[PDB]
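Residue numbers (the UniProt record's numbering), protein chains in the order written: chain A, 18 to 56, 89 to 331, 339 to 594, 630 to 740; chain B, 2 to 112, 116 to 208; chain C, 1 to 60, 67 to 144, 157 to 193; chain D, 2 to 37, 47 to 200; chain E, 20 to 108, 128 to 213, 234 to 306, 319 to 341, 346 to 517.
Below: the structure, in structure tokens.
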Amino acid sequence: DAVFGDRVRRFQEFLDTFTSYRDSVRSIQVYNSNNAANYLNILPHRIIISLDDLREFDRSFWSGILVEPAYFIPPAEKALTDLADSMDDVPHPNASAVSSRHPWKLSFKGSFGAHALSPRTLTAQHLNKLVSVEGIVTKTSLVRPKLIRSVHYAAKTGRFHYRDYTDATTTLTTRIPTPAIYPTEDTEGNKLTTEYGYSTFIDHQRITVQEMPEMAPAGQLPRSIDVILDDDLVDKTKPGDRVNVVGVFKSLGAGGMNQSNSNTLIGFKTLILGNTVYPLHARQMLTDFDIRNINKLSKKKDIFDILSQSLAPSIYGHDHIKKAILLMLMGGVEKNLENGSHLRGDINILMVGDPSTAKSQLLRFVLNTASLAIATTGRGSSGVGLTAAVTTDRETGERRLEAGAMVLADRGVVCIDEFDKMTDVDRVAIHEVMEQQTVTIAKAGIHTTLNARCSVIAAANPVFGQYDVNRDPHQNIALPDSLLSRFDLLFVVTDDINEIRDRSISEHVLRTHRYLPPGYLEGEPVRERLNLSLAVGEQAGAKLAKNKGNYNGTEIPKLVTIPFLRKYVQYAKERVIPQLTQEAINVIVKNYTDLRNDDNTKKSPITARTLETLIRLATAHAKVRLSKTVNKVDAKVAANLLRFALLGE
Amino acid sequence: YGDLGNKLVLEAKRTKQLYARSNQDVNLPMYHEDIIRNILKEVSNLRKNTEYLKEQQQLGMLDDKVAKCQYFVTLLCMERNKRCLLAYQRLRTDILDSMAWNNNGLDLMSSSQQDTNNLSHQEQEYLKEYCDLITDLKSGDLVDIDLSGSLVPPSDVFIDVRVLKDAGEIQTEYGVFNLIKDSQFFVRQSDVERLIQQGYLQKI
Amino acid sequence: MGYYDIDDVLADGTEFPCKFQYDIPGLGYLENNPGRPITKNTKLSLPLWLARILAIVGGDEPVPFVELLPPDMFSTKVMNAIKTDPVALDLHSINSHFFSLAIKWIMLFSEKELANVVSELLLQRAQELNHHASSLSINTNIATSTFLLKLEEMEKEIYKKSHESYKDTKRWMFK
Amino acid sequence: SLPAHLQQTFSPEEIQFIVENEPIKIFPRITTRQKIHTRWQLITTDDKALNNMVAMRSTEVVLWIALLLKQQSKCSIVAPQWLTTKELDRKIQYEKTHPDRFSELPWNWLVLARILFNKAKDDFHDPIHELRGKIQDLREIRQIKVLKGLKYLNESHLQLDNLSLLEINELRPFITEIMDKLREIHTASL
Amino acid sequence: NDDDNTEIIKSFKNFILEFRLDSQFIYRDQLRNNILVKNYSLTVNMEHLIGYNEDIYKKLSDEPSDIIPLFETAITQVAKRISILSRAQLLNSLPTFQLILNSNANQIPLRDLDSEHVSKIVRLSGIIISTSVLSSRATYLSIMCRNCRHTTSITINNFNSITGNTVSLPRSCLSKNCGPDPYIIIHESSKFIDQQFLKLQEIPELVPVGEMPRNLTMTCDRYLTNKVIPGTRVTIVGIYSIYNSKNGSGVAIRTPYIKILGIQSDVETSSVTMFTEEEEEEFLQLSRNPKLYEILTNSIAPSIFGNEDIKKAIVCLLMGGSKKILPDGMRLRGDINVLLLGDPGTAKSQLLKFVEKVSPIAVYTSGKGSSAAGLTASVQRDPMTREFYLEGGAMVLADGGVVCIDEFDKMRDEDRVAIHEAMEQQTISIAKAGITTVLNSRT
DNA sequence: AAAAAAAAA
Ligand SMILES: Nc1ncnc2c1ncn2[C@@H]1O[C@H](COP(=O)(O)OP(=O)(O)OP(=O)(O)O)[C@@H](O)[C@H]1O
Ligand SMILES: Nc1ncnc2c1ncn2[C@@H]1O[C@H](COP(=O)(O)OP(=O)(O)OP(=O)(O)O)[C@@H](O)[C@H]1O
Ligand SMILES: [Mg+2]
Ligand SMILES: [Mg+2]
Ligand SMILES: [Zn+2]
């Protein structure tokens with residue numbers, strides 16, 4: 018009755034108290050006006098409020114929102130729409146577009162306290178309450194528009210009529226249902242023609258979010274919940290993404306309380322009307345002094361060795377492997393030609409060795425430190441299901457392709473373990489990807505080519521239990537040469553027994569195990585921790636807090652932390668695209684001619700494709716030092732690394 | 002640098018928990034004087050370094066600010082080490098007096117740790133001195149009151165008592181008790197408190 | 001502030017962010033190369049028991071050698087988190103001597119906006135403490163234990179004393 | 002004495018002792034009026059009552075003497091006025107009708123009750139179980155009122171007009187420590 | 020009609036308020052301690068109820084589903100009486135209290151349940167094989183009309199005693235000329251509780267001759283949910299009732327099921347610390363024993379003679395190592411593996427079953443009757459909705475415990491390679507039908 | 001449509 022007006026005026030008072038939101042709204046308005054008629090982006094009518102200030106202003110309204118949003122959000126939205134209408138000033142508007150009536154829906158950020166849950170923790174007593182849930186995106190539905198309000202016209206009357214339709218998921222408050230019956234006749238029988246272009250249609254999509262399997266009870270499968278979101282943010286993110294979704298958790302449907310029930314045990318349906326979505330990413341933007349520090353480090357002489365040594369400090373030796381991983385994470389550029397079609401741009405690395413030489417651990421480290429990566433096991437995968445699958449959507453009743461493991465890793469890196477133990481059939485499915493970086497699906501009436509430009513890193517064991525240095529390299533490796541020729545670098549590792557190395561590695565490994573997490577005692581095991589205190593988060632250059640990287644002093648050479656290295660990778664993969672020059676060309680051609688005509692035994696045969704590997708390695712090294720041109724030093728280091736990987740020191 | 006000193010103090014805290022959770026005086030842990038003497042050696046090195054630094058400061062080639070800041074840092078180091086050691090020893094002396102005060106000042110070598121060799125020799129002589137003080141205290145004007153007796157208020161006059169260990173016969177005032185193994189007495193409460201405290205009787 | 005108090009001594013050993021407000025040649029010998037002096041505006045993580053005095057000594067513009075930066079434990083984010091819902095907060099993870107360091111920090115720097123919020127926090131948590139203490143069994159769900167593992171180091175003493183008092187009263191009552 | 006932290010508060014045994022060091026009425030079964047015999051001649055109790063006594067008459071003795079005579083057949087403890095159903099009814103009505111005031115009640119509350127129900131079982135005119143249930147109900151009501159009142163803890167002072175000994179003792183450490191913490195927080199803030 | 024219900028409620032209230040032995044009213048203090056910790060539930064021991072009065076026990080045994088709600092509302096009446104001051108006249131957010139029963143009657147095997155156990159209280163034991171995801175159930179529904187457009191509230195209990203039990207919508211309106239059932243459900247301002255389904259299987263050693271085990275379906279709600287994990291032996295006290303399936319052979323068929331009233335488990339869901351203070355003291359005392367090592371070593375299979383180093387290895391395996399983590403994220407394994415490779419007749423297999431019995435979480439499987447897909451992760455499809463979903467095998471069922479594999483050499487070469495990553499990193503990765511999940515398995 | 005177990009080639 019009047020409580021709606023009371024809440025509306027209180028929210029108007031609160032909006033008038035804080036002057037940031039008004040500035041944002043008028044900025045949106047002026048940008049929208051400038052987009053209209055000046056020689089393709091438009092800002093949506095959505096604003097995000099920080100409920101910390103609301104709590105500091107009025108505790109009653111804050112509690113009402115966080116406990117029963119159904120009776121508090123609509124008044125706030127009405128007040129915001131009224132403010133926007135009052136402040137707006139358009140003297141000559143349009144006809145069809147003026148009847149949009151966007152209500153300026155809201156988004157929230159700030160501390161939630163006990164209302165930040167996980168998909169398993171959602172229970173009965175959290176219904177009808179605003180919540181924020183973390184999780185992983187499992188699968189999505191198709192974007193389908195839905196009607197809101199229809200526009201009708203009658204020729205005889207000349208008066209435009211309108212009828213409004215709402216559903217259970219359309220509004221927070223339950224109202225009397227309305228069918229989709231089109232009004233075609235007037236009260237006096239005049240004919241009504243539906244007017245497209247004046248009616249209102251809003252986009253609709255359903256997604257399902259799953260709890261992270263890492264934080265799960267022992268011996269329990271992960272559980273998932275479904276989220277409905279509409280209008281804006283309709284097609285953000287994708288399956289295989291870590292998200293934080295804030296919205297209202299409410300039930301819907303009769304659920305058998307009508308006469309349709311067949312058995313006693315009938316349960317209701319629960320669903321979340323998502324209000325906002327944030328990318329978790331376990339942040340992604342560089343600051344000014346960050347760029348200053350990156351430039352200062354890149355102008356140093358020996359940045360590349362420092363960066364290589366910084367990777368996985370708990371692994372002894374394998375320095376060239378670390379350098380190869382560093383060059384692979386930020387490989388060369390892709391080439392396209394009007395007549396030359398397409399040229400591959402990145403690097404793939406394969407390692408083979410006898411057991412217990414720290415390959416899987418390095419693979420896990422590469423998974424953890426990469427921008428985007430997917431873990432795959434040879435035995436626990438099927439090639440047909442690795443690329444694409446056919447699934448029938450429950451809503452639309454049609455069958456649509458579901459993205460496979462490798463497609464999700466587009467512009468990423470894929471790590472495969474037990475590669476030599478992986479079925480031969482599915483191997484061809486890999487080779488196709490290694491051929492043109494594109495998978496073709498022609499099955500059940502769907503003919504589509506899907507882009508997959510990822511890099512693949514794998515580690516495999518030799519045919520015997522241990523490597524035989526006296527045998528043919530082809531004899532020791534079970535994989536056929538057809539796919540082995542694709543990999544740019546092949547590495548063979550062996551645990552040669554030497555008492556000096558044995559003592560050094562023993563001391564190192566014992567040093568690692570004598571570690572204690574900061575601020576926690578040694579008498580009790582590790583305990584799980586809660587989420588961050590802030591549900592949604594966000630003097631320069633004189634501190635160098637984490638810029639220098641050296642957390643602990645152990646050697647004269649420097650070190651850098653993981654976040655700074657990742658920021659360096661993000662900057663390098665975007666801001667620099669080097670161009671090769673003839674000075675490095677001479678060195679590359681000379682060393683290729685020399686290596687080809689050395690005429691001695693070697694691990695693998697060499698052919699014309701190795702020069703492409705040299706070119707992209709030089710490009711990657713030019714990217715490492717952040718230069719737009721390729722110097723002969725990059726050619727020299729690439730040749731040295733190749734000689735090490737193929738001859739051995 | 003005094004971080005290793007913290008390692009002692011934290012350990013002392015656990016000892017208090019052993020004092021706390023048990024709420025009883027038993028099994029004082031064996032000492033940690035090795036870490037203490039390591040700290041003493043390093044603080045002796047610190048003192049020697051400070052004296053050398055003061056020597057160079059008086060010589061003239063040393064800057065005054067460097068000398069004063071190094072002196073402050075070293076003084077803080079000595080202060081913290083002394084604080085840690087005294088914090089350990091104060092609690093040790095407190096628990097020592099705690100179990101010394103209630104066992105009639107005899108240390109009960111006939112029954116509690118047996119050899120008491122986990123205590124340092126200085127701690128053992130301190131315990132003997134405190135037992136001497138306890139013996140002297142009730143030798144003054146309070147000779148007719150057993151200060152080391154029971155502290156539970158007397159609530160009943162006659163209780164049932166069951167024998168726990170076998171002995172011969174023990175004389176009392178106006179009577180004698182023969183301690184046959186596994187026997188039950190119906191006697192006065194205030195005549196068997198000495199035996200009960202010693203552990204020869206059970207089922208109060 | 002007791003000299004022979006274990007808890008105070010332990011709390012004195014935490015590290016606080018700080019910066020060298022003044023440049024002193026020959027310093028840093030305890031952390032890096034002794035012959036290399038420490039330059040100006042150098043950030044370090046120093047323990048309380050020397051940061052308190054080195055920031056007040058002055059030494060000599068009588069500026070002290072070191073300046074203490076605002077620690078990450080006392081930040082706006084933590085303020086909002088405690089002001090939203092303190093009863094369910096797992097304050098054990100932020101620190102184990104939170105109250106004593108709060109006392110020391112508010113003593114060094116008078117701030118009227120900290121005493122009130124901390125007082126309200128502990129007052130609100132005290133009622134839950136008493137509710138759990140009075141709950142003597144006659157063996158429990160997850161809620162009691164998951165609250166008990168969120169406690170501060172000092173609150174355990176209050177909880178144990180209250181539990182012992184109630185247990186003794188119940189034991190004497192029913193005989 | 003020290004015994005860990007037992008130097009700060011009273012044990013329940015000490016509370017029972019200090020309560021039982023109180024006078025009470027007795028109906029003796031025997032007589033030792035002087036022949037107009048050994049004098050009682052105690053040092054912390056008026057011996058005139060114990061010496062000048064005659065059977066089937068009212069006199070006042072300390073509680074522990076009454077208990078000792080009750081262990082023999084020389085005693086018959088007279089129940090107090092507030093240990094009856096008709097008084098407890100108006101008492102519970104008083105607490106229920108007044109949701110802010112602790113009812114008037116002797117500070118030996120629950121303790122004389124425990125002792126009398128333990129020893130003087132057969133001398134009550136009312137059934138024992140009904141009285142015990144009424145006492146339990148009073149205990150529950152006062153516990154609820156105490157929890158309701160504790161919700162505010164000022165740093166200056168607090169008032170509790172009608173709390174018994176055991177209720178005060180079982181609450182002393184928590185209230186004391188919380189108030190001390192608040193006081194020192196305020197003192198350090200100024 | 021209503022007078023008998025009031026008499027029964029009054030009888031139960033008198034029982035709960037009056038039951039004392041010696042000098043303690045146990046149930047009232049139990050209610051106080053439960054309310055103080057926000058656990059609105061009460062546990063009734065059946066022997067006390069029998070001893071207090073026999074008529075109430077007879078009535079409860081006769082018609083349990085009708086009688087129980089009266090008791091469970093008497094409980095909440097007493098709780099509001101002994102917890103809230105009237106103040107001469128609010129939140130009152132106290133729902134109906136949950137009743138939990140315990141008893142020591144004779145057990146009944148699953149195969150012995152017949153038509154004579156319908157709507158009776160029974161006690162039985164079995165093994166848990168699967169747990170369903172939780173669902174919501176309404177308790178207080180806000181009902182709104184369309185034409186006359188007034189408000190109404192519906193109160194529904196969870197006990198049914200019959201297939202229908204459901205008042206869907208009243209016929210005609212509440213008194234113009236409305237429809238038959240012109241009502242809707244206001245989902246906001248409604249109260250919901252939680253329900254879960256479980257599957258029970260017969261205990262292996264009581265299976266009859268030449269037969270296969272039989273499964274049964276049980277339903278629990280409110281605080282009894284989320285208590286048992288698959289693979290845990292349990293003892294259940296409940297009601298054996300029947301429910302019709304209109305969606306679903320024969321004529322007038324009715325599928326039976328079990329409504330859970332009380333659960334007892336040996337593990338007691340301990341695996346944070348929840349042990350009693352006395353038990354903790356006893357464990358510390360045992361750990362203080364100077365020769366606990368020899369005492370435990372003698373305890374491993376006392377009927378096996380001669381083996382000593384094997385028993386020490388078994389003790390070291392069961393105790394387990396210490397898990398570690400690193401700043402850069404590398405994991406370090408924290409388990410020990412023991413392989414017995416010896417001649418026949420040396421009692422190799424007899425130790426495996428004992429190790430399975432001792433360990434809190436253990437599974438015993440053979441290398442002959444096993445498959446690579448049947449151990450780590452099995453990809454199944456729902457016959458109804460036709461959707462891929464992941465079903466765990468045996469290795470994931472023994473996570474956090476030990477796994478007993480005998481005849482390790484008879485295992486197929488293709489199958490034996492899947493365990494390599496599952497033990498070298500304790501994580502298994504599945505890429506099947508577009509599902510890309512990393513699953514944890516530590517054992 | 002896609003995964004998993006069984007007997008014969
Ligand atoms: N250089 C090294 N530094 C540190 N740890 C090492 C090193 N070499 C081996 N290890 C240790 O060896 C163990 C074996 O690890 P892991 O199984 O990942 O190795 P691998 O060579 O990939 O073996 P596999 O062929 O079985 O997959 C790990 O615990 C790892 O810490
Ligand atoms: N040391 C022993 N003490 C007692 N009984 C023993 C011992 N060794 C073997 N047995 C007996 O041998 C019988 C068979 O043992 P079991 O089947 O466990 O042997 P196994 O080594 O596992 O055999 P297999 O290799 O053939 O599977 C059992 O009845 C067992 O009691
Ligand atoms: Mg490995
Ligand atoms: Mg066998
Ligand atoms: Zn009507």
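Backbone N, C-alpha and C define an ideal beta-carbon position, used for all residues, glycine too.
- A direct Cα-to-Cα measurement between E/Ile-300 and E/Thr-201 gives close to 7 Å.
- A/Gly-439 is classed as buried because its beta carbon has at least 16 other beta carbons within 10 Å across all chains shown.
- Taking 9 Å as the CB threshold, A/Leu-171 stays off the interface with chain C.
- Placement of the Cβ of E/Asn-381 at a distance of less than 8 Å from at least one heavy atom of ligand 2 is found.
- Using a Cβ-Cβ cut-off of 9 Å, D/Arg-152 does not count as an interface residue toward chain E, since no Cβ of chain E sits closer than that to its own.
- Between the alpha carbons of E/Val-477 and A/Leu-539 lies a gap of roughly 38 Å.
- Closer than 9 Å at the C-beta level to chain A, one finds these residues of the stretch 245-257 of chain E: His-245, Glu-246, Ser-247, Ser-248, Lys-249, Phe-250, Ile-251, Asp-252, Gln-253 and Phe-255.
- Proximity of D/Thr-107 to chain E, defined by a Cβ-Cβ separation below 9 Å, is satisfied.
- In this structure, the C-beta of E/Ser-440 stays at least 8 Å away from each heavy atom of ligand 2.
- The contact set of E/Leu-513 on chain A, defined by CB atoms closer than 7 Å, consists of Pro-262 in chain order.
- Residues of chain A with a Cβ closer than 9 Å to the Cβ of C/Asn-32 are, in chain order, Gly-644.
- Taking 8 Å as the cut-off, the C-beta of A/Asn-51 does not count as close to any heavy atom of ligand 5.
- A/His-253 has A/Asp-279 as its beta-bridge partners, per DSSP.
- Between A/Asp-473 and A/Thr-432, the C-beta gap is smaller than 9 Å, which places the two residues in contact.
- With respect to the C-alpha of D/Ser-86, the residue from D/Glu-150, D/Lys-26 and D/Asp-190 having the closest C-alpha is D/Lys-26.
- Linking B/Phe-189 to B/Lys-207 through their CA atoms gives a straight-line distance of about 10 Å.
- Note that the stretch 23-37 of chain A touches the stretch 105-124 of chain A; at least 3 beta-carbon pairs, one per stretch, sit closer than 8 Å.
- When rounded, the separation of the alpha-carbon atoms in C/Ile-53 and C/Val-9 is 16 Å.
- 9 Å or more divides the Cβ of E/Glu-461 from the Cβ of E/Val-453.
- Here A/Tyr-523 carries a coil assignment [DSSP, helix/strand/coil].
- Counted as a single uninterrupted DSSP element, the beta strand (DSSP E) harbouring A/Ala-445 occupies residues 444-448.
- Contacts with chain C (Cβ-Cβ distance below 7 Å) from the stretch 33-53 of chain E involve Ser-42, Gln-43, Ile-45, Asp-48, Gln-49 and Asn-52, listed in chain order.
- In this structure, A/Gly-409 has its beta carbon less than 8 Å from a heavy atom of ligand 1.
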